[PDB]
């Protein structure tokens, strides 16, 4: 997409959980299940505000525990998240370090979703004792997502991807250039 970001509506991803998604990089939180997405897909960099992932909804499915490859299941439920946040390259080299020159992370995944624990998404997705997975995602209509957006936290905040057709398309728009 514009900026060199790798923004595909479906693919393979890794998955983790995180705490504290109430003041996220898109500039609005939401009450439903939410995630951060890796920088190369988010469409912005730290401090630059919303990227084009903001507000888009994705169905996530885990099917592998990369730390325990002998585990065959059960996995969690498929969940629908709204992307509200950025998982930056900086400080997240294992999972969110995809760049235009090296577009997969240390698990070979071209995307990563960090699922917010606060609002319940991670408890639906991660079995007890298996807090990091790999699997698939596919962008869906936000008709498939339960929840309500929070208020703007700063000027330029954006979740307009929530009413956009799936990628390829533009809603909030990308900021600057993807990490190289």
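Residue numbers count along the first chain shown, from 1.
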Next on the checklist: Please compare 66 to 74 with 143 to 151 and say which has the higher mean C-alpha temperature factor in the record.
Outcome noted: 66 to 74
Checklist outcome for this item: Going by the entry, of stretches 116 to 124 and 41 to 49 the one with greater average Cα B-factor is 41 to 49
Checklist entry - Out of 55, 135, 27, 129, which shows the largest CA B-factor listed in the entry? => result 129
Next on the checklist: Split into thirds by Cα B-factor across the chain's modelled residues, where does residue 163 land: lowest, middle or highest?
Outcome noted: highest
Checklist outcome for this item: Binned into thirds over the chain's modelled residues, the C-alpha B-factor of residue 104 lands in the highest
Checklist outcome for this item: residue 16: C-alpha B-factor third of its chain, per the entry, is the lowest
Checklist entry - Should residue 90 be placed in the lowest, middle or highest third of its chain by the C-alpha B factor in the entry? => result highest
